[PDB]
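In the block that follows, a single chain appears as structure tokens, in the form deposited in one PDB entry.
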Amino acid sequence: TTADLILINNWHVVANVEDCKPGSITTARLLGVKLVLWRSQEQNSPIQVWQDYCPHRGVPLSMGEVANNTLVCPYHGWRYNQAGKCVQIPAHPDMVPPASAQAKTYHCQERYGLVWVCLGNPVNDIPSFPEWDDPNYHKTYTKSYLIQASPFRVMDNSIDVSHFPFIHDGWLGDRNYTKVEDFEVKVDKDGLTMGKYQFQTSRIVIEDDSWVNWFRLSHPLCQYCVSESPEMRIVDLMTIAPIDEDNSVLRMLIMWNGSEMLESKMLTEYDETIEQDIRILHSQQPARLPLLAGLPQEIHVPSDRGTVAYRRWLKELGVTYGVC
């Protein structure tokens, strides 16, 4: 579509590396752009991420096939090498393909088992995830969640902490303990950091009903969360793929230093609470996130200081896509 600079020139997860097998074709959408992801059959072949579009007659390349180290358009069989250049036009086998015959290619990097894509010029680093190679931690990935809400409303809901005892009653919050103690938030050059805050709840992951959480966003659509009890530490990297201004894909990478056998329960806790959030996200109007300044204007109370700082951060960053 018509996204902004902090968005176009940043890295976004569009797939799990396990989604992209050798010789395979898959698709995604990012910032209004249709993407094709493909790999040759070679062992550990790299992933190409291109705009899903043959410039000859406008057919999606994802409808084609991988042949050797090339992607072949189904309509007239033009073949594109790994750099996106047309190397063969079958109707004219002795013709040099015109230089214009080329797919639009994007930057792709595999990191944390996720496929990261930059549609522009990649001036930012991929967000840090310190536990990735820590041998004390195990990992698991949630399924993806397609959410009919603005990506910035999706992240707003993930920075929100006061909703835990209501839509997450029995999982992350306690309807008996609704008060939200004070906490600190700072927005600097490291992005947005929400400081330590304690909340009363036990988790399927029992007398352990005191958890201290904090989180950081260096990237407005990624969040690194740390949730700690005396017994265990759980971290997660949530990535929100902005399909367009009104639709999102949520993925979460979870790591924990307890027993590896907790994996099933971890995925259940996250699945339950994600779907609880999605019920609210789908209902919110207007769909795009209102920035600080028909329907009434938003109201803020002190426990909204982090979601207020997020709206302020988005404005300073110059975000206009998916917001209002």
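All residue numbers refer to positions in the sequence shown, first residue = 1.
The same protein also exists as the form deposited with a small molecule bound; that form is not shown, yet it is the one meant from here on.
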The small molecule in the bound PDB entry: contacting segment from 196-204, 180-188, 96-104, 118-126, heavy atom within 4.5 Å: 196-204
If you check in the bound PDB entry, is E245 within 4.5 Å of the small molecule, heavy atoms only? no
So in the bound PDB entry, is the small molecule close enough to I167 to count as touching (4.5 Å, heavy atoms)? no
Does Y270 make contact with the small molecule in the bound PDB entry, using a 4.5 Å heavy atom cut-off? yes
At the 4.5 Å heavy atom threshold, is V87 in contact with the small molecule in the bound PDB entry? no
Please pick, from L114, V249, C108, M252, the one residue with any non-hydrogen atom lying within 4.5 angstroms of the small molecule in the bound PDB entry. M252
Let me know the one among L192, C222, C225, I147 whose heavy atoms come within 4.5 Å of the small molecule in the bound PDB entry, would you? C225
